[PDB]
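Engineer: Provided hereafter are the protein sequence and its experimental coordinates.
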Amino acid sequence: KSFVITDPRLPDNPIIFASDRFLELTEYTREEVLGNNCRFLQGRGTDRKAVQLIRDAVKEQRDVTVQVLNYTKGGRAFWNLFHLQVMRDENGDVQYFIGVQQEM
Ligand SMILES: Cc1cc2nc3c(=O)[nH]c(=O)nc-3n(C[C@H](O)[C@H](O)[C@H](O)COP(=O)(O)O)c2cc1C
């Protein structure tokens with residue numbers, strides 16, 4: 001499956017881990033994605049109401065399954081059934097965010 005692990009304890013919640021399937025789907029390279037926020041997958045046609053949800057979840061720290069339109073590195077648009085999981089790996093506190101992308 002395609003997914004990335006982001007570390008919210010860092011500035012701008014950057015991708016610290018990206019599964020190979022992710023790199024395949026998005027056509028980017030690991031040297032390019034590591035350390036950057038995932039918003040780079042959004043484009044001109046990406047509904048902002050959809051991104052407002054994903055934004056609410058990350059802040060309110062909840063899970064969300066949102067269908068949003070993203071773009072590969074080449075410029076090809078594709079639908080992304082996006083699923084956000086909160087690695088509360090701690091004892092209360094949030095340690096990581098797990099994002100799973102499914103090209104629908
Ligand atoms: C682990 C993780 C994975 C994400 N994956 C995606 C993605 O594949 N596509 C997307 O459009 N946004 C994705 N996001 C959401 C954006 O990074 C960002 O939270 C959203 O664009 C709203 O925040 P901003 O207003 O700072 O851009 C992901 C967020 C997290 C925490």
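Structural biologist: Structure received. Numbering: from 1, shown residues only.
Engineer: next, residue 53: phi, psi?
Structural biologist: Main-chain dihedrals, residue 53, degrees, to the nearest 10: phi -70, psi -60.
Engineer: residues of this structure that sit close to the ligand?
Structural biologist: 4, 6, 13, 37-39, 41-42, 51, 54-55, 58, 68, 70, 80, 82, 97-99, 101 (CB under 6 Å from any ligand atom). (Each C-beta comes from the backbone N, C-alpha and C, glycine too.)
Engineer: leaving out chain neighbours, which residue sits closest to residue 54?
Structural biologist: Among residues not flanking residue 54 along the chain, residue 66 sits closest, at 5.6 Å (CB to CB, 6 or more residues apart in numbering).
Engineer: re earlier: just the buried residues of the residues of the chain next to the ligand.
Structural biologist: 4, 6, 13, 38, 41-42, 54, 58, 68, 70, 80, 82, 97, 99, 101 (16 or more other CB atoms under 10 Å).
Engineer: specify which member of those is nearest to the ligand.
Structural biologist: Nearest to the ligand among those: residue 99, at 2.4 Å, using CB to the nearest ligand atom.
Engineer: in strands only, show me the buried ones among the residues of the chain next to the ligand.
Structural biologist: Mapping those onto strands (DSSP state E) picks out 4, 6, 68, 70, 80, 82, 97, 99, 101.
Engineer: want to throw the residues you listed into TSV with distance to residue 47?
Structural biologist: TSV is the format used below for those (distance: CB to CB, whole Å):
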residue	distance to residue 47
4	21
6	22
68	7
70	11
80	12
82	12
97	21
99	18
101	16
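Engineer: distance of the residue of the chain positioned farthest from its centre relative to residue 39?
Structural biologist: Each residue of the chain has a distance to the centre, and by CA atoms, centre = their mean the biggest one is for residue 91: 23.9 Å. Using CB to CB, to the nearest Å, residue 91 is found at 30 Å from residue 39.
Engineer: now for the nearest residue in space to residue 80 that is not next to it in sequence: which residues touch it?
Structural biologist: Leaving aside its chain neighbours, residue 80 sits nearest to residue 70 (4.7 Å; criterion: CB to CB, 6+ apart). Residue 70 is in contact with 26, 41, 42, 43, 46, 77, 78, 79, 80, 101, counting by CB atoms under 8 Å, 6 or more residues apart in numbering.
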